[PDB]
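The form deposited in one PDB entry is given below as one chain in structure tokens.
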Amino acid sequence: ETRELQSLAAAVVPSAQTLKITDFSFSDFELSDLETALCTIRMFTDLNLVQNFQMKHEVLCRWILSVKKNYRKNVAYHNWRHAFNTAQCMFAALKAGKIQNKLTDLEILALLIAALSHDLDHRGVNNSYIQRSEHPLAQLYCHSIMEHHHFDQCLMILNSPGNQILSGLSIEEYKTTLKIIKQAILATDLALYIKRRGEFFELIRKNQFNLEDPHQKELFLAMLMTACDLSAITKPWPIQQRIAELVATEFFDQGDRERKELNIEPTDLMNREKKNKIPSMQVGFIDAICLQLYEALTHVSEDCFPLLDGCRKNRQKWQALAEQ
């Protein structure tokens, strides 16, 4: 195909150990785009997906480049690097967290594709903005608007000539995998996490959680998607500090759009005037959204404790910054 493909396809794919992708503390900051593509190949390979599903090397490389291409390079946070890191956290939870022992390769295939694809064509604004602005997508979908679009994009790329990494699946495996992918991408709508997490937390608290139950299995994969999606909140403080810059940039850029295009005053979360409140806001988000999730996940796998540990340490640093 293109020069990028040729370079990628011919490149040696270093080991997962070399690439550090099993570390919960992994950072992509020193990596070129090409190296993030090699990391992604390594993820598919070491989860046995390439071999078990008979993926051709050129097809996987083209698919990865198609996915990366369909994230926007002018969206500060929801871009290819966020999707790549989400997939890397999924790899680490599966390997270092040993969750791969409890899932089938078909489930893992869907999870990894969904992690990589779950914010495709994100435009730097949230569902509330899409609805309030009367964006065309808001006429197509009533809820989880962007996430429905992310899945549409995901399926378009999976079906593109030369990109069909699922061609080796039988029709029944293909249908099941697409449905898991769709659920997994829709799960990254924080609104759906908030609606469904109470059931997960109570099953865990009562020690009634049963991964053999298909409903609880689907619930767990949704919680795991959220855990990977939010995982910047667990990173070592140098990383977290930098990711926070991007989140704030994207939030405040939406606030500017709401002022200029919708003539409304943005909430504090998206109001650049309130930037000195980011520490207290990070603490609020950790308490409200993050801690119980990483706490619950460790009841599923004790080896996922580094995520919870990392979350607690960032809350300590953010609370110290809030106290000024």
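Only residues modelled in both forms are compared. Just so we're on the same page, rigid core means the largest C-alpha set that superposes within 1.5 Å between forms. Numbers follow the displayed sequence, beginning with 1.
Here the subject shifts to the form deposited in another entry, a form of this protein not shown in this document.
Visitor: Just one of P238, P136, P161, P214 has a CA that shifts 2 Å or more between the shown form and the other one on a core fit; which is it?
Guide: With the rigid core superposed, the residue that stands out is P136.
Visitor: My question is whether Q100 is one of the residues whose C-alpha shifts by 2 Å or more between the shown form and the other one, given a fit on the rigid core.
Guide: No, shifts by less than 2 Å.
Visitor: Aligning on the core only, does the CA of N127 end up 2 angstroms or more away between the shown form and the other one?
Guide: It does, since the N127 C-alpha is displaced 2 Å or more between the shown form and the other one after the core fit.
Visitor: Work out the direction of the Cα-Cα change for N126 and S117 in that other deposited form: closer or farther than in this form? It's 3 angstroms or more.
Guide: Between the C-alphas of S117 and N126, the gap widens in that other deposited form (3 Å or more compared with this form).
Visitor: Check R132 against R197 at the C-alpha atoms and report closer or farther in that other deposited form, compared with the shown form; the change is 3 Å or more.
Guide: Relative to this form, farther apart in that other deposited form.
Visitor: Superpose on the core, then tell me which runs of at least 3 consecutive residues have all their CA atoms shifted by 2 Å or more between the shown form and the other one.
Guide: Three-plus residue runs displaced between the shown form and the other one: 125 to 142, 253 to 257, 273 to 275.
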